[PDB]
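J.:
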Amino acid sequence: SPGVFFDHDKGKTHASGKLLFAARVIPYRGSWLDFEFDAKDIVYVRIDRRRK
DNA sequence: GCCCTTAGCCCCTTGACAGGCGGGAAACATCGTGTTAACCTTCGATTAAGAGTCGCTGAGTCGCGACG
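In the entry's author numbering, each residue's number is its place in the first sequence (first place is 1) plus 157.
#1: Distance, Cα to Cα, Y201 vs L177?
#2: Residues in the same chain with beta-carbon distance under 6 Å from residue 210, minus the five sequence neighbours each way, listed in chain order, please.
#3: If you measure between the beta carbons of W189 and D166, is that distance less than 8 Å?
#4: Below 7 Å CB to CB, which residues in the same chain sit around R203 once its five sequence neighbours on both sides are set aside?
#5: Could you tell me the distance, in whole angstroms, from the CA atom of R186 to the CA atom of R207?
In structure tokens:
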């Protein structure tokens, strides 16, 4: 369904054991947006999972 | 019972078509060109809600020493 999503990572793709909390808003028709974090504790706008 | 004579079958010679592949000659549908010059000189999708790993790159941290 269209709307913002916050998929907290379950440890996978983490530095050691930390979570990611990828805040992604899925539009009904358009380009996806990802506001996930990293091990450096920084929010990166991974638009449509292309770049970070 | 054997030899002569004649009939039937097989074979040869000619032939009057019949039309039949096929190139030619011709009537007709293709296939690659042109050519015209009145106005816009960045078009657009598409992953991206699982998962084990190959191949490369570029930042922050240290040694060895020289010159005051």
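Even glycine gets a Cβ: it sits at the ideal position worked out from N, Cα and C.
T.: Working from what's here:
#1: 11 Å
#2: Here the chain has residues from 158 to 209 only, and residue 210 is not among them.
#3: no
#4: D191, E193, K209
#5: 18 Å
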